[PDB]
Amino acid sequence: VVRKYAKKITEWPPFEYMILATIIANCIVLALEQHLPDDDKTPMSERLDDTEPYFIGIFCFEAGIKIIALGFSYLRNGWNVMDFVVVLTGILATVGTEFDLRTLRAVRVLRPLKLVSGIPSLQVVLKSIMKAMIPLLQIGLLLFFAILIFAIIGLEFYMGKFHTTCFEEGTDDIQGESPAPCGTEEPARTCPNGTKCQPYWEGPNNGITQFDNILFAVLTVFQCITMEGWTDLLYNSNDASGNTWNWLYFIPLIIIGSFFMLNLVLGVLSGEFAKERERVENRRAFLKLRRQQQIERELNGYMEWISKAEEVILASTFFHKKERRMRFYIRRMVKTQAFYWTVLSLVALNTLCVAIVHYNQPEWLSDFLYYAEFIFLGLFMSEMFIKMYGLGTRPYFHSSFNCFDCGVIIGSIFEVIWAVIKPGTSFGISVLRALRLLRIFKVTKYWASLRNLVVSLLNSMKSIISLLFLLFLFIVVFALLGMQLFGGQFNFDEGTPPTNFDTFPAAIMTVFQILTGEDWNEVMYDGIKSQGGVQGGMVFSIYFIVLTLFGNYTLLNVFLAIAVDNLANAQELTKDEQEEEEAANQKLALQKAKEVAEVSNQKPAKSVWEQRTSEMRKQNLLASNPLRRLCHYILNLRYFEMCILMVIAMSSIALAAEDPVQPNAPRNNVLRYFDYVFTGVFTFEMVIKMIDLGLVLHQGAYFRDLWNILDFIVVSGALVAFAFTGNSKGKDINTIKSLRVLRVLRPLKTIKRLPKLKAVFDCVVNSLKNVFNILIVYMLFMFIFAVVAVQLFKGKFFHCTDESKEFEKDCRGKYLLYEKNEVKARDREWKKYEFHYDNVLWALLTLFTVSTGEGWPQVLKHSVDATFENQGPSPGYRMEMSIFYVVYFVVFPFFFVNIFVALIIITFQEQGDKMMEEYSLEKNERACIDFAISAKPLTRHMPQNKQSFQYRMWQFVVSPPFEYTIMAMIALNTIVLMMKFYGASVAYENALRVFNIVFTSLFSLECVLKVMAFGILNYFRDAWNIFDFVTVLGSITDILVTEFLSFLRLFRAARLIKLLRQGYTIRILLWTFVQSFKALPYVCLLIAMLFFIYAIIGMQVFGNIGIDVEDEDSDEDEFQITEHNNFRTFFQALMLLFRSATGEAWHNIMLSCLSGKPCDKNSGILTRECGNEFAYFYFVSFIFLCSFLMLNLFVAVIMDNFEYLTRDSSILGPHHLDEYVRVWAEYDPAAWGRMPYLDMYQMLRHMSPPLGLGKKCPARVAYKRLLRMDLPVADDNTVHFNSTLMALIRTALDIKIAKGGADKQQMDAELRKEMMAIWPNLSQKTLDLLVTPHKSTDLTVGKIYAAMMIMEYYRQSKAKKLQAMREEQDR
Ligand SMILES: CC(C)CCC[C@@H](C)[C@H]1CC[C@H]2[C@@H]3CC=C4C[C@@H](OC(=O)CCC(=O)O)CC[C@]4(C)[C@H]3CC[C@]12C
Ligand SMILES: CC(C)CCC[C@@H](C)[C@H]1CC[C@H]2[C@@H]3CC=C4C[C@@H](OC(=O)CCC(=O)O)CC[C@]4(C)[C@H]3CC[C@]12C
Ligand SMILES: CC(C)CCC[C@@H](C)[C@H]1CC[C@H]2[C@@H]3CC=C4C[C@@H](OC(=O)CCC(=O)O)CC[C@]4(C)[C@H]3CC[C@]12C
Ligand SMILES: CC(C)CCC[C@@H](C)[C@H]1CC[C@H]2[C@@H]3CC=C4C[C@@H](O)CC[C@]4(C)[C@H]3CC[C@]12C
Ligand SMILES: CC(C)CCC[C@@H](C)[C@H]1CC[C@H]2[C@@H]3CC=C4C[C@@H](O)CC[C@]4(C)[C@H]3CC[C@]12C
Ligand SMILES: CC(C)CCC[C@@H](C)[C@H]1CC[C@H]2[C@@H]3CC=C4C[C@@H](O)CC[C@]4(C)[C@H]3CC[C@]12C
Ligand SMILES: CC(C)CCC[C@@H](C)[C@H]1CC[C@H]2[C@@H]3CC=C4C[C@@H](O)CC[C@]4(C)[C@H]3CC[C@]12C
Ligand SMILES: CC(C)CCC[C@@H](C)[C@H]1CC[C@H]2[C@@H]3CC=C4C[C@@H](O)CC[C@]4(C)[C@H]3CC[C@]12C
Ligand SMILES: *[C@@H]1O[C@H](CO)[C@@H](O)[C@H](O)[C@H]1NC(C)=O
Ligand SMILES: [Ca+2]
Ligand SMILES: [Ca+2]
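Sequence positions in the sequence shown follow the entry's author numbering and run 86 to 157, 163 to 405, 465 to 749, 766 to 789, 1230 to 1649, 1656 to 1982.
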C-alpha cells in the first residue's frame, strides 16, 4: 500500500547494524529491571521506563521504511509479522492508558527474538531445529492420548480421596504441621488415639495435586510422566486406600508414559538425523571436509621431508657456527621420544599433586605443595622456552598444541599473583595441564577415531556456537516472561523461595532449573500459590507445562543432533582414510613390480547404521581314564543340565522369601534346610566338572573359563560359612553374615547355560568396548571439574543449626526454635552439609549426584551461600558460582551423555543373521518380497445365503453411516467418563449413570448386529471383535447386579484406542515398536536380573534398618527409610530400586542406608549398629548399570525398526504394500484370489506411486510399467494376487529388471535361486506361484497392454498417415 514507485529509497548496510544495536540495548534495558511487591518501584525503574519511547520510535521508523520500500511484501515474511505485532502492541500501551494496558507490557518479552530476524545466519540454524521436530508432533499425539486415558482411570479410582486427614478429636484443627491422608479402616492409615478422620482437608501440596476434575487429573498425570514427584502420590494414595493395588496404576504409568515415549523420541529423531546426513547439500560439505583432510596428511609428510634435508645443509652466527647448531641440537631433542615421554611424566606428577589437597591436610603437606607448584610451574615455563628457541618463535606458536600450553602457563601466573592481591580464592587453573594426558591415545590404535571427532567438531564450530546462542535466547525470553507473570509475587509469609523471578539473574537460574526438569513441580506450586491459589491461579500452570515440555525435547534435539552428526562424520572420515591407505599400498606394491620387472583380525561387516546409510546414498544417487568317560557322560545328559537349571531357579526364589528383619523367623529356619541341599547340588556339579576337565592349565582348564571361577566362589563361600558356624554357632556373626551375601550370584549362573541369554550379555559387553575410549575422556574431564570444585568449596560447606552463629565456638549450647505458636529449645550443632567438596573423592560423588540431576538445586544453594573456610553460610554471598553449575550441565549431562547415546546408535551391530553379504540383494528388497511370499486377500464375506436379508444387513454393517455412527458414540462415550467431578449433585451423578445405560445398550447392538452379519465364527477371529465383546459383556454384567465395583468398565475407556486406526502414521509407528519389544524378550530379561540381584543384596545388607524411629525433630531428608520406602520385603525392595531408577531422591536414600542407624525392635541387635558403608557403591553402581542396560534396550528396539524410521515415501517400502491389500479386497469383494485384468488397470490408477500408477501418470508411460510386469495372463482374464503383487515391487525397486530377450530368461532363473538361497523353506509350487516358470507360450501382462500402447502410437500416426497424403493430394 504505497504510491507505486516514486523515489522509493532502500537500505544500506549500517542501517541494519544500527537496528541490531538498538535491539541489544533494549534487551539490556529489559534485563536491568527489578520487580517489587505491591506497587513499589526502585529508583532506577523510572529511568529505565522512560527509555521506552525512544526504542519504540526507532522500531516504528524502521518498520515504516521497510513497509514503504516493500509496499506491504512486508507481511509476507514471518519475521516481519512478528516485528509488526511487537510495534503494534507497544504503541497501544505507550500511547494512551484509558483501557487496561498493564497486560500488553508482557509482549515486550518477544523483542530479544528480533535478533534472529536481523541476523540471517541465525534463521538458517533455527530452520534446522524446527525441521527435526515436525515428526515429533505425532509422538505428542500419542503422549496426549496416553495422558488422557490414564487421567480417566485415575479419575475413577482416586476422585476426592485425599481430602480427609487426622483432625483433633475436640476441635476442627489439624493435629500436626505436616498432615497426611488418613483412613477409617485398617488397610488405610489410621489416626492415633487423640485424633479422628474428619471429612474436609485441602489436600496434598495445598490442594494443587489431586484427582478431582479431568483437568486436575490430566495435570496430575503429566507431572508423573516427567517422573517428578510421582512417588509422593504413590505414598499418599497408599495412605488413603492401602498399598495392595496402587502400584498397578503408577508403575505402568511411568513405563508407558515416560520410558516408552522416550524410546520413540530417540527412534524418530535418530531416523531423521540419518536422512539429513545424506542430503545433497550436507554431503557436499562432508566431501569438502574429506578432501581438505587428505591435503593436510600429504602436506605434513612433505614438510618433514624438506625439514630433514634443510638440516643436512646445515653443517654471532658466523663465529658461533655452533649457535646455529644448538638451535639444531635442541630441535633434535624436542623431537626425541625421551623428551616427549619425560615431560608427559611430569604432567602426571603435577596432576597427582593438585588432587592430594583436602580440607584438613597436615601443615607439612601444605608447605610441600606450596613449593611444588612453583617447581612444576618453572619446569613447564622452561619447557616452553626450549621449544620456542629450539623450533623458532613462528613454528612454535603456530602449533595448536603449544598455544594451549601457553594459555595454562599464562593462567597459572595469573592465579599466583591473584592469590597475593586477594587471598581466599584459588581456582586451581594448573589442573588444565592434565588435558595433555589425552595425547597418550596416539600410541594406541584409537587415535584415528578420537582425532577425527575433534576435527569434525572444529569444522562445525560456527554451527555449534549458533545453536547454543539460539538455545540461550529462548531461555532469556522465558526468563523475561517469568518476571512479568511472577514479579514481586513470591514474597510469601514464610519467606521468599530461593527460586524466584524477582531479578534477571534469579529468573535465568529458575528457568534453567525447569529446563533440567528438577523440582519443576515445586516451582509450579509457588507460581500457582502466588496468583491467588488453587482457586484462582490454576491457569498459570501453562507457563510451567510449556517450558518443561518444550525444554525437555528442545535440549534433546539440539545436543543429540550435534552428537550424531559429528560422530557419524568421524566414523566415515576414519573409515575412508583406512581404505584409502590400504588401496594406495596395494597400488604402490603393483608399481613396485614394474621397477623390479627388469630382473623378474576381521573387521565386523559395517553396522546397522552404516549399512542403511550406504543404501540411502545409493538410492539417492541412483535417482540423482574309565571314570572320566563316565563324568563326561552325565554332563552330556540333557536331563542333567535341565535339572541343574531348575535347581538354580529354585535357589533364586529361596533368596527372595527370606525374612531380613527377623533372623530367627520360622520361615528362615525352614529355608535354612533348603540352603544345605542347593549347595550340595552345586558341590557335586563342581567336582565332576573338575574331574571331566583339568585343574591344571592344559588349555582346557576348568579354572580357565571365567564363569567357572564365579561358580567356584559361590560354592566355596557356602562351604566356608558352614565351617565357621560349625565350630561355634555365634562366635563370629559378622563374617558369616558377609559370606551369606555371596549367594546372590546364583542367578548369574543362568547366563552361561542359556544360549540366547549369553548372546544378549555379549552384546552389552560389546557396547562397553566401543564407548570405553570416550568413557576415559569422560572421567578425565570430570576429574578436572572435581579438582576445581575442591579448590572453590573446600571447608566452606559448614553450618550451624542456629542461623545467627557463624563459627564453631559460637555454635554451642541451646537455642530457641520458633515454630508456629510454639517455642522449643534445641541444641546447637556445628555440622557439615550432606554433599560437599572436601576432597577429590567427595567432589566426584557430589558431581555425580548433579549429573543424575537430583538434588542439585540444594547443592547450588550451598555453593552460592559459602563464605570462607571454617565459617558459616551467608545467603547470596557468591552468586557468580552459578556459572560453575551451568557450565557443568552443558558439558556432561547435555553433551557427553548424548555422545554416549549417539556412539551406541552408530556402532550397533546386527542381531546374528549369519554373514549377510553373500546374498547380492539384501537391503529392503527382502522385506517387500518376504511379504509377497506370505500374503492373503482380506476375505469379505459376500455370503448370498439370503440376498434380501442377510447380505443386506451385512452391507449396513460395512456401510459408512454405521462406521461414523460408531466413532461418534465412542467420542461421546468418552466425554461421559470425563464429566465426573468432586462434589457433584446426586442428580448429576444419576444423570451420568443414566447415559452409561444408554451407551452400553447401543454398544451391545453393534456386537449383536456384527455377529449376525459376519457370522458366529468369522466375527470371533478378529482381535478387536473379542476386545469389543469382552467390553460389552463386562459392562452389562455390573448393571444387572446393581438392580438385582465396576472397574472393568474401564475396558470401555479403552475404546478410545479404536480411534487410532483412522490415523495411519501413528498406528504403524505404535505397532512396529510393540512388535520389536516382542522380538527382544531376553534383553528385557537381563534388566530383570539386574533388579533381582540388587534387590536381594539390599534385603540382606540394608534390611535390618529400623523404620519405627520418629521424633519431633522430623529431619525428613535424614530419614528416607520409612514404612513406604524400605528393604524389608522382596517387593518393598523392588519399589525402592524402581524409585531410584526414576531418580526420586535416590541420593537421600543412599545416605539413609549408611552406618550407625537404629536397628529394628525384632532385628536381634540392641545397639545402633545397622546400615553399611557399602551404600555408596550399592547406589552409585546401580544408577550406572540401570541407565546402561536400559539404553541398550532402547537402541536394540530402535535399530530393529531402522528401515522404517529412515523410510522415504518416494521409494517403495513394506508399509506401502498394505495399501495394495485393502484395494484388492474391494475390487475383488469376495476375495476369490482371482481378479480379471480390466479391474487391474483401474487398480493401478487408484494407487499412488511407487506401488501404483497414480492418477496423473501418462497413459503411455503407464503402459511401459505394464510391460515391465512381464507376467503370464490367465485366459479367464484373471491375474493372481501373489503373482501380481510381486511384479509391482520389482518394477518400482528395479530388482534386477532385465534389459529383455535372453536376460529375462536368466533373471527368472537367477531371482528364483536367490529366493531359494534366502529361504529353502518356501514351497517350490508356491515359489513358482509367486514367480511363474518362464513360458513364452503364455502371453505376458505386457502383451495385452502392448496391443494398445504400440498401436495407439501408430493409431494417432494412422490418422496422420492418411493425412500425410491427403493434404499432399489436395495440394
Ligand atoms: C589420577 C589419580 C589416580 C590420582 C590418585 C587418586 C587421588 C585423587 C586420591 C586417591 C585416594 C585419595 C586419598 C584418600 C584419603 C585421604 C585421607 C585424608 O586424610 C584425612 O582424612 C585426615 C588427615 C589428617 O588429619 O592427618 C587426606 C586426603 C587423602 C590422602 C585422599 C587424597 C586424594 C587421593 C590420594
Ligand atoms: C517375581 C518372581 C521372582 C517370583 C516372586 C518371588 C517373591 C516376590 C515371592 C515368592 C514367594 C513369596 C512369599 C511366599 C509366602 C509368604 C508368607 C506370607 O506370610 C506371612 O505374612 C509371613 C509368615 C508368618 O507370619 O509366619 C508373607 C509373604 C511371603 C513371605 C511371600 C512374599 C513374596 C514372595 C517371596
Ligand atoms: C544454556 C546456557 C548457555 C545458558 C545458561 C545461562 C547463563 C548465561 C546464566 C544462568 C545463571 C546466570 C548467573 C546467575 C547469577 C549471577 C550472579 C550475579 O552477579 C552478582 O554478583 C550479582 C549479585 C546478587 O545477585 O546478589 C549476576 C551474574 C551471574 C553469575 C549470572 C551470569 C549468567 C548466568 C550464568
Ligand atoms: C523351593 C522354592 C519354591 C522356595 C519356596 C519356599 C516357600 C514357597 C515356602 C518354603 C518355606 C515356607 C514357609 C515356612 C514357614 C512358614 C511359617 C508358617 O508358620 C507359615 C508358613 C510359612 C511362612 C511358609 C510359607 C511358604 C514358604 C516360604
Ligand atoms: C549414568 C549417569 C551418567 C547418569 C544417569 C543418567 C540420567 C539419570 C541423567 C543423565 C543425563 C540426564 C539427562 C540428560 C539430558 C537431559 C536434557 C533434557 O532433555 C532434560 C534433562 C535431561 C533429561 C537430563 C536428566 C537426567 C539424566 C537422564
Ligand atoms: C572445560 C574444562 C576446561 C573445565 C574448566 C572450566 C571451569 C572449571 C571454569 C570455567 C569458568 C569458571 C568460573 C568463572 C568465574 C568464576 C567466578 C569466581 O569468582 C569464582 C570461580 C568461578 C565460578 C569459575 C569456576 C571455574 C569455572 C567454572
Ligand atoms: C472434547 C471437549 C470439548 C470436552 C472436554 C471438556 C470437559 C470434559 C471438561 C472441561 C471443563 C470441565 C469442567 C470445568 C469446571 C468444573 C467446575 C467444577 O466445580 C466441577 C467440574 C467442572 C464442571 C468440569 C467438568 C469437566 C469439564 C466440563
Ligand atoms: C565390588 C565391591 C565389593 C568392591 C568395593 C569395595 C569398597 C568400595 C567397599 C565394599 C565393602 C565395603 C566395606 C563393607 C563393610 C564395612 C563395615 C563398616 O562398619 C565400615 C566400612 C566397611 C569396612 C566397608 C568399607 C567400604 C568397602 C570396602
Ligand atoms: C489408644 O487406642 C487403643 C485402641 O483400642 C486403646 O487400646 C488404647 O487404650 C488407647 N490409648 C489411650 C491412652 O487411650
Ligand atoms: Ca527428580
Ligand atoms: Ca530427573
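Backbone N, C-alpha and C define an ideal beta-carbon position, used for all residues, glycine too.
Simplified DSSP state of residue i, which is helix, strand or coil
i, result
"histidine 507", "coil"
"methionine 1846", "strand"
"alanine 770", "coil"
"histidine 1404", "strand"
"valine 1952", "helix"
"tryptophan 1930", "coil"
"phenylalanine 257", "strand"
"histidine 120", "coil"
"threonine 1889", "strand"
"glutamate 1527", "coil"
"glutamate 137", "helix"
"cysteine 502", "helix"
Backbone CA spacing between residue i and residue j [nearest angstrom]
i, j, result
"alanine 1975", "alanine 1873", "29 Å"
"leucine 1353", "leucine 1362", "10 Å"
"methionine 1962", "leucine 1938", "35 Å"
"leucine 616", "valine 355", "20 Å"
"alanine 1870", "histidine 1857", "13 Å"
"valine 569", "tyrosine 520", "15 Å"
"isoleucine 1239", "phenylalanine 1245", "7 Å"
"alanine 375", "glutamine 720", "16 Å"
"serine 1525", "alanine 1928", "11 Å"
Enclosing beta strand (DSSP E) for residue i [first to last residue]
i, result
"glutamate 1459", "First-last for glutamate 1459: undefined, no H or E at that position."
"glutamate 400", "Segment 370-403 is the alpha helix (DSSP H) holding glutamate 400; no beta strand (DSSP E) there."
"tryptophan 1435", "1435-1437"
"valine 1428", "1427-1432"
Sequence-distant residues of its chain with Cβ nearer than 6 Å to residue i (five each side left out)
i, result
"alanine 1903", "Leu1823 and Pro1861"
Residues near residue i by beta carbon distance below 7 Å, same chain, minus five either side
i, result
"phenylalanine 708", "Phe1499, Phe1500 and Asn1503"
"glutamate 362", "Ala222 and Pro225"
Residue span of the alpha helix (DSSP H) that contains residue i, given as start and end
i, result
"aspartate 1939", "1935-1941"
"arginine 1678", "1675-1689"
Close beta carbons around residue i, own chain, < 8 Å, minus the five adjacent residues each side
i, result
"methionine 1558", "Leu1614, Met1617 and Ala1618"
"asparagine 1378", "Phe590, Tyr595, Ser598 and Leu599"
Inset, instruction - Give every residue whose Cβ lies closer than 7 Å to any heavy atom of ligand 4, listed in chain order. - result: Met1255, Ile1258, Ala1259, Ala1262, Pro1271, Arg1272, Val1275, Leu1276 and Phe1279
Inset, instruction - Pull every residue with its beta-carbon under 5 Å away from any heavy atom of ligand 3, and keep them in chain order. - result: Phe621, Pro654, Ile657, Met658, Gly1481, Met1484, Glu1485, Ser1487, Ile1488 and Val1491
Legend entry - By C-beta, the residues closer than 6 Å to any heavy atom of ligand 8, given in chain order: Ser1766, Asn1783, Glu1784, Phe1785 and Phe1788
Inset, instruction - Considering only heavy atoms of ligand 10, list every residue whose Cβ is less than 6 Å from one of them, following chain order. - result: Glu318, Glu667, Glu1459, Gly1754 and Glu1755
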